[PDB]
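Here the structure is laid out as structure tokens; the discussion comes afterwards.
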Amino acid sequence: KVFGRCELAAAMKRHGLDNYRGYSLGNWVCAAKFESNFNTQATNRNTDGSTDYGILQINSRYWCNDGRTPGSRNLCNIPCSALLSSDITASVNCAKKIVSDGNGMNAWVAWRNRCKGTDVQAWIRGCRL
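Next comes the structure, spelled out in structure tokens:
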């Protein structure tokens, strides 16, 4: 499913992401925009053989099981495919773990390079939240 900006903003909030670990909702929507263009089915293969899945492009090296990333962890305790669903619950659950990992949102390279320090409030303007 391809989310609309405000639709996703509302789905995210509803799931406890606004100010989760001090990150306002604008940061989460900005991250999803640049990571997958709001497409839950996005996938991208990395050079190390790991793959990034879903709306937040969660990596198979540490967070999910795809059965094809030799000696990787499954910290979120889910099959990576669960991250591609129309329902964003697993993606958000896993994201909460990642963001709590120590590096905050710096864990997402597009956030770091495209959202960090920009007017993220722009991503939620005009939405009914």
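Residue 43 in mature numbering (1 follows the signal peptide of the UniProt record, and there is no 0) sits at position 43 of the sequence shown; the count goes up by one each step and never skips. Where is the CB? At the ideal position from N, CA and C, for every residue including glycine.
query, result
"Taking the alpha-carbon of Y20 as reference, which of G126, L84, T118, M105 has the nearest alpha-carbon?", "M105"
"Beta-carbon separation of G54 and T69 under 7 Å?", "no"
"Whole angstroms are fine: how far does the CA of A31 sit from the CA of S85?", "18 Å"
"In whole angstroms, what separates the C-alpha of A110 from that of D87?", "23 Å"
"Should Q57 be labelled buried (16 or more other beta-carbon atoms within 10 Å of its own) or exposed?", "buried"
"Can you give me the start and stop residues for the alpha helix (DSSP H) that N27 sits inside?", "25-36"
"Should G4 go down as buried or exposed, given a rule of 16 or more other Cβ atoms within 10 Å for buried?", "exposed"
"If you measure from the CB of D66, is any heavy atom of the ligand NAD nearer than 6 Å?", "In the structure on display, the ligand NAD does not appear, and there are no ligands present to speak of."
"What residue range is occupied by the uninterrupted alpha helix (DSSP H) comprising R14?", "5-14"
"Do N44 and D52 come within 7 Å of each other at the CB atom, strictly closer than that value?", "yes"
"So if DSSP puts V2 in a beta bridge, which residue, or which two residues, is it bridged to?", "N39"
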